[PDB]
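Asks: Just passing along the structure, written as structure tokens.
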Amino acid sequence: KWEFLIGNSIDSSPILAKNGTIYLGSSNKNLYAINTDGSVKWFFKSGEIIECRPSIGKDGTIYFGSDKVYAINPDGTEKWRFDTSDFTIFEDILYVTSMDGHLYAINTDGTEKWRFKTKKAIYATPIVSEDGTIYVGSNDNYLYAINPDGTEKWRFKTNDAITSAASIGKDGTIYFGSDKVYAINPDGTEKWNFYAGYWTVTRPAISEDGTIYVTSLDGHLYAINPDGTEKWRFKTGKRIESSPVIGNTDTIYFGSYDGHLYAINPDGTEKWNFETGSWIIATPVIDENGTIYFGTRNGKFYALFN
Amino acid sequence: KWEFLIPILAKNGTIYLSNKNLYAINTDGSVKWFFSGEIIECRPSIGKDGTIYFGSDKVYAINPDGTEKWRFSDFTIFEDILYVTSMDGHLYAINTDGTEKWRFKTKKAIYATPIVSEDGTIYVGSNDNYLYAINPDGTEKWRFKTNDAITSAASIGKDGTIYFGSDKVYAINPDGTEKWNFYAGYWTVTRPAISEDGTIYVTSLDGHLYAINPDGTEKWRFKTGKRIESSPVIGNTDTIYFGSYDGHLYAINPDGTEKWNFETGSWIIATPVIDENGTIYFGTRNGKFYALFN
């Protein structure tokens with residue numbers, strides 16, 4: 001209303017980064033500010049921020065590093081600051097998938113540019129590469145590469161439904177999971193595949209040095225080399241249902257379903273672990289400051305600083 | 001209780017919230033909202049010609065502020081036991097202390113919400129195309145094979161018939177034998193809504209709202225020309241409501257005739273819900289909410 005007189009602003013939505021990460025967008029605008037001395041100033045009531053004390057290993061050893069972990073329990077009025085997708089917008093075009101099996105390309109006004117049909121329902125989040133190619137998997141077991149004009153560049157057959165978004169390395173290699181982890185070349189040919197102990201339902205995280213990290217329902221964080229060989233695996237006692245996230249210092253973070261948070265060094269050794277006591281199912285997100293957030297089922301969220 | 005973890009999904013298919021933080025009914029009959037310029041009443045239409053609607057039904061558009069959103073799954077709790085599904089393909093029975101009572105493994109990831117019948121039997125579908133009937137002890141009572149992944153919850157009718165959909169809509173007898181199946185012009189991805197009369201309602205990605213008789217025969221269909229990605233909800237007036245993906249809301253009478261329709265202009269994907277007052281809520285993608293009053 002009164003657009004010709006009063007300005008308006010669209011809400012900030014999280015965007016899936018090609019490296020497999022998910023950036024808040026609004027970053028910490030509504031969450032916190034960084035003091036000159038480096039301290040963190042949370043925009044929440046005094047008695048809702050609790051600094052956690054991570055451990056190292058299981059012997060009870062206390063973690064004493066640069067990483068800081070905070071437990072935030074926002075009041076109902078504060079829930080909006082942090083939301084405890086089936087679409088992606090690219091160059092004024094909305095790419096949204098549908099359980100009807102089609103990938104839809106919608107204009108700003110909401111009209112349909114074109115639609116691409118797959119044989120089964122799609123539950124995966126679509127991603128768009130630099131050259132406009134849209135990558136998305138379907139319950140029909142295929143990963144599709146669709147051109148900007150809605151035509152099929154190619155498709156890659158797997159042995160299981162693709163319900164997670166794909167990741168793209170600097171190289172251009174496309175990484176995704178179904179019956180196993182797959183690395184596909186820009187032209188649609190397979191570079192290699194790796195079985196992470198279970199079918200894959202989360203997005204792979206791509207490091208700067210090229211390492212591909214994938215969490216697995218088998219209770220392990222796997223580190224895969226660019227050539228598809230296993231670098232190492234880190235064992236947890238609980239299934240991991242969400243993707244891992246890479247911190248500003250190359251540390252890899254993730255949490256098992258029971259809310260057990262883990263920080264792993266690139267060499268595969270544990271940096272720290274922390275039991276929140278709160279089940280989690282949502283994937284972690286990161287802001288422009290590298291701060292990582294783990295939202296819990298019970299309304300709270302844990303923020304990790306570096 | 002379940003602090004580590006924390007609406008009810010009725011067996012008929014409806015989801016209940018419960019509204020004390022939303023509104024209040026005025027003596028004369030009006031409604032007092034707890035949000036001024038955020039609440040706007042809408043005037044429904046009838047058909048496409050242009051007829052305006054002015055019946056007992058009332059629809060309100062709600063655009064709450066970020067600090068007001070508080071005012072308004074993969075698990076179910078039954079008799080102090082947490083039943084939660086996993087993408088690892090298992091249905092888990094969890095104790096109050098968080099310990100595992102048992103786990104039941106299916107061949108593929110499970111994305112459907114589990115439901116528990118009154119006698120304790122758990123019903124849940126899997127991407128392995130089977131609907132599973134699990135006993136309280138974690139033992140398999142039976143399973144029913146379909147041709148596509150089951151990704152939505154099942155509904156149970158008064159006579160115990162279990163309804164769910166995958167490649168098509170299926171009606172299953174408590175003993176696991178198929179009573180009948182019905183193809184709603186597209187594979188099914190939302191749960192059926194069962195009326196008091198036993199009529200089975202289901203929305204379709206083909207743009208229709210289908211009404212199925214207890215015997216499996218089609219009672220009627222309502223076309224919208226727009227794919228429906230959310231389940232239908234039945235109000236206290238036996239009226240059936242639903243919304244197409246583009247946020248076009250519809251109210252259909254039990255006989256198949258349209259009661260009224262309102263173009264929201266806001267895409268909808270979430271399933272509608274109802275409160276203890278019979279008020280139906282439709283959450284939109286852009287953060288707004290539309291309250292329907294009987």
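Starting from 1 in every chain, residues are counted up; chains themselves are A, B, ... following the order of the structure tokens, and ligands are numbered from 1 as listed.
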Distance table requested - region 119-205 of chain B against region 81-91 of chain B, cut-off 12 Å, only C-alpha atoms: one row per qualifying residue with the closest atom pair and its distance in Å to one decimal, ordered by chain and rising residue number, as CSV.

Replies:
```
residue,atom,partner,partner_atom,distance
B:120,CA,B:81,CA,10.7
B:121,CA,B:83,CA,11.3
B:122,CA,B:83,CA,8.6
B:123,CA,B:91,CA,10.0
B:124,CA,B:91,CA,8.2
B:125,CA,B:85,CA,9.9
B:126,CA,B:89,CA,7.4
B:127,CA,B:89,CA,8.3
B:128,CA,B:89,CA,9.0
B:129,CA,B:89,CA,11.9
B:130,CA,B:89,CA,11.8
B:132,CA,B:91,CA,9.9
B:133,CA,B:91,CA,11.1
B:134,CA,B:91,CA,9.2
B:135,CA,B:91,CA,11.7
B:136,CA,B:81,CA,9.7
B:137,CA,B:81,CA,11.5
B:138,CA,B:91,CA,9.0
B:139,CA,B:91,CA,11.4
B:140,CA,B:91,CA,11.4
B:151,CA,B:87,CA,11.4
B:153,CA,B:85,CA,11.6
```

Asks: Keeping only C-alpha atoms, take the residues you just selected and write them out as a PDB file, in the first residue's frame.

Replies:
```pdb
ATOM      1  CA  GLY B 120      -2.060 -48.966  20.217  1.00  0.00           C
ATOM      2  CA  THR B 121      -1.239 -50.027  16.653  1.00  0.00           C
ATOM      3  CA  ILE B 122       1.205 -47.694  14.926  1.00  0.00           C
ATOM      4  CA  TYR B 123       0.674 -46.906  11.227  1.00  0.00           C
ATOM      5  CA  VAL B 124       3.405 -45.337   9.132  1.00  0.00           C
ATOM      6  CA  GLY B 125       4.457 -45.375   5.484  1.00  0.00           C
ATOM      7  CA  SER B 126       7.979 -45.532   4.023  1.00  0.00           C
ATOM      8  CA  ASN B 127       9.831 -44.599   0.842  1.00  0.00           C
ATOM      9  CA  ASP B 128       9.970 -48.381   0.383  1.00  0.00           C
ATOM     10  CA  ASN B 129       6.339 -48.118  -0.802  1.00  0.00           C
ATOM     11  CA  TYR B 130       4.924 -50.078   2.119  1.00  0.00           C
ATOM     12  CA  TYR B 132       3.453 -50.622   8.085  1.00  0.00           C
ATOM     13  CA  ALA B 133       1.191 -51.646  10.972  1.00  0.00           C
ATOM     14  CA  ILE B 134       3.391 -51.962  14.060  1.00  0.00           C
ATOM     15  CA  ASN B 135       2.363 -53.437  17.420  1.00  0.00           C
ATOM     16  CA  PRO B 136       3.169 -51.636  20.696  1.00  0.00           C
ATOM     17  CA  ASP B 137       5.950 -54.187  21.294  1.00  0.00           C
ATOM     18  CA  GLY B 138       7.743 -53.171  18.093  1.00  0.00           C
ATOM     19  CA  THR B 139       6.595 -56.298  16.270  1.00  0.00           C
ATOM     20  CA  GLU B 140       5.163 -56.073  12.730  1.00  0.00           C
ATOM     21  CA  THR B 151       5.248 -39.561   2.308  1.00  0.00           C
ATOM     22  CA  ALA B 153       0.326 -39.593   7.245  1.00  0.00           C
TER      23      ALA B 153
END
```

Asks: Got a sec to pull out which chain B residues are within 8 Å of chain A, counting only C-alpha atoms, and send them as a list in words?

Replies: residues 3, 4, 5, 6, 66, 67, 68, 69, 70, 87, 88, 189, 205 and 229 of chain B

Asks: Excluding residue 214 (chain B) and residues on its chain fewer than 3 positions from it, collect all residues at most 10 Å away from it, counting only C-alpha atoms, and give them as a ChimeraX atom specification.

Replies: /B:157,161,171,179-180,194,197-200,211,217-219

Asks: Would you save the residues from that selection as an mmCIF file, in the first residue's frame, using N, CA, C and O atoms?

Replies:
```cif
data_model
loop_
_atom_site.group_PDB
_atom_site.id
_atom_site.type_symbol
_atom_site.label_atom_id
_atom_site.label_comp_id
_atom_site.auth_asym_id
_atom_site.auth_seq_id
_atom_site.Cartn_x
_atom_site.Cartn_y
_atom_site.Cartn_z
ATOM 1 N N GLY B 157 -10.744 -44.130 9.857
ATOM 2 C CA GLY B 157 -12.169 -43.857 9.909
ATOM 3 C C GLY B 157 -12.795 -44.488 11.138
ATOM 4 O O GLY B 157 -12.116 -45.190 11.885
ATOM 5 N N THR B 161 -11.061 -48.371 9.336
ATOM 6 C CA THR B 161 -10.421 -48.393 8.025
ATOM 7 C C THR B 161 -9.294 -47.362 7.990
ATOM 8 O O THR B 161 -9.476 -46.220 8.400
ATOM 9 N N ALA B 171 -7.551 -47.708 0.817
ATOM 10 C CA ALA B 171 -8.396 -47.880 1.992
ATOM 11 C C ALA B 171 -8.045 -49.291 2.441
ATOM 12 O O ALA B 171 -8.229 -50.244 1.687
ATOM 13 N N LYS B 179 -9.313 -52.778 1.162
ATOM 14 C CA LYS B 179 -10.761 -52.682 1.028
ATOM 15 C C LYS B 179 -11.041 -52.172 -0.392
ATOM 16 O O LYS B 179 -11.947 -52.654 -1.067
ATOM 17 N N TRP B 180 -10.249 -51.195 -0.828
ATOM 18 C CA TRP B 180 -10.332 -50.631 -2.179
ATOM 19 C C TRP B 180 -9.270 -49.554 -2.375
ATOM 20 O O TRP B 180 -8.627 -49.123 -1.419
ATOM 21 N N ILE B 194 -11.493 -37.236 6.680
ATOM 22 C CA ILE B 194 -12.704 -38.044 6.810
ATOM 23 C C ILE B 194 -13.821 -37.291 7.526
ATOM 24 O O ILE B 194 -13.622 -36.776 8.625
ATOM 25 N N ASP B 197 -19.867 -38.313 8.144
ATOM 26 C CA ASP B 197 -20.658 -39.167 7.270
ATOM 27 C C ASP B 197 -19.847 -40.327 6.706
ATOM 28 O O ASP B 197 -20.396 -41.267 6.124
ATOM 29 N N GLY B 198 -18.533 -40.261 6.881
ATOM 30 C CA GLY B 198 -17.678 -41.319 6.373
ATOM 31 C C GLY B 198 -17.156 -41.006 4.982
ATOM 32 O O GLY B 198 -16.493 -41.834 4.355
ATOM 33 N N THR B 199 -17.473 -39.817 4.485
ATOM 34 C CA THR B 199 -16.993 -39.409 3.174
ATOM 35 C C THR B 199 -15.495 -39.139 3.320
ATOM 36 O O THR B 199 -15.055 -38.553 4.314
ATOM 37 N N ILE B 200 -14.717 -39.584 2.339
ATOM 38 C CA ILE B 200 -13.274 -39.398 2.360
ATOM 39 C C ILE B 200 -12.894 -38.284 1.400
ATOM 40 O O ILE B 200 -13.129 -38.386 0.197
ATOM 41 N N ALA B 211 -14.088 -36.233 -3.595
ATOM 42 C CA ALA B 211 -14.937 -36.727 -2.516
ATOM 43 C C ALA B 211 -15.157 -38.197 -2.838
ATOM 44 O O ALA B 211 -15.659 -38.539 -3.909
ATOM 45 N N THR B 217 -16.291 -45.524 -4.287
ATOM 46 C CA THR B 217 -16.807 -44.876 -5.489
ATOM 47 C C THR B 217 -16.663 -43.357 -5.366
ATOM 48 O O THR B 217 -16.702 -42.803 -4.263
ATOM 49 N N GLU B 218 -16.482 -42.686 -6.499
ATOM 50 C CA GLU B 218 -16.336 -41.238 -6.496
ATOM 51 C C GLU B 218 -17.685 -40.607 -6.196
ATOM 52 O O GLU B 218 -18.690 -40.974 -6.803
ATOM 53 N N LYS B 219 -17.717 -39.674 -5.250
ATOM 54 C CA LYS B 219 -18.963 -38.988 -4.912
ATOM 55 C C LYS B 219 -19.055 -37.772 -5.828
ATOM 56 O O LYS B 219 -20.116 -37.472 -6.370
#
```

Asks: Neighbouring residues of region 181-189 of chain A were defined as those with any atom within 10 Å, considering only C-alpha atoms; residues of the same chain fewer than 3 positions away were excluded. Please report them as a VMD selection string.

Replies: chain A and resid 129 133 143 to 145 153 to 156 158 166 to 169 171 to 178 192 to 196 198 to 204 212 214 224 226 to 228

Asks: Select from region 39-149 of chain B every residue with an atom at most 12 Å from any atom of region 24-34 of chain B, then for each give the shortest pair of atoms and their distance in Å to one decimal, using only C-alpha atoms, rows by chain and rising number, as CSV.

Replies:
```
residue,atom,partner,partner_atom,distance
B:39,CA,B:33,CA,7.6
B:40,CA,B:33,CA,10.5
B:41,CA,B:31,CA,11.1
B:56,CA,B:29,CA,11.4
B:58,CA,B:31,CA,10.5
B:59,CA,B:31,CA,11.5
B:60,CA,B:33,CA,10.3
B:61,CA,B:33,CA,11.4
B:62,CA,B:33,CA,9.7
B:63,CA,B:34,CA,11.9
B:64,CA,B:34,CA,10.0
B:65,CA,B:34,CA,11.8
B:68,CA,B:34,CA,9.4
B:69,CA,B:34,CA,11.6
B:70,CA,B:34,CA,11.9
B:71,CA,B:34,CA,8.9
B:72,CA,B:34,CA,11.4
```

Asks: Please produce a file of the residues just selected, as a short mmCIF file (atom, residue, chain, number, x, y, z; two decimals), in the first residue's frame, where the atoms kept are C-alpha atoms.

Replies:
```cif
data_model
loop_
_atom_site.label_atom_id
_atom_site.label_comp_id
_atom_site.auth_asym_id
_atom_site.auth_seq_id
_atom_site.Cartn_x
_atom_site.Cartn_y
_atom_site.Cartn_z
CA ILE B 39 -6.32 -7.33 10.88
CA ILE B 40 -8.40 -6.92 7.72
CA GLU B 41 -11.67 -8.68 6.90
CA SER B 56 -22.49 -16.96 7.93
CA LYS B 58 -16.33 -14.93 7.76
CA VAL B 59 -12.73 -14.68 6.59
CA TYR B 60 -10.04 -12.46 8.12
CA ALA B 61 -6.58 -11.63 6.78
CA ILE B 62 -3.89 -11.43 9.45
CA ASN B 63 -0.47 -9.88 8.90
CA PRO B 64 1.31 -10.08 12.29
CA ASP B 65 4.51 -8.24 13.22
CA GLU B 68 3.70 -11.16 17.30
CA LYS B 69 4.32 -14.34 15.29
CA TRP B 70 4.54 -16.25 18.59
CA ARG B 71 0.75 -16.02 18.88
CA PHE B 72 0.61 -18.61 16.09
#
```

Asks: May I have the residues within 9 Å of residue 203 (chain B) as a PyMOL selection string, using only C-alpha atoms and disregarding those fewer than 3 positions away in the same chain?

Replies: chain B and resi 184+188+190-192+206-211+227-232+242
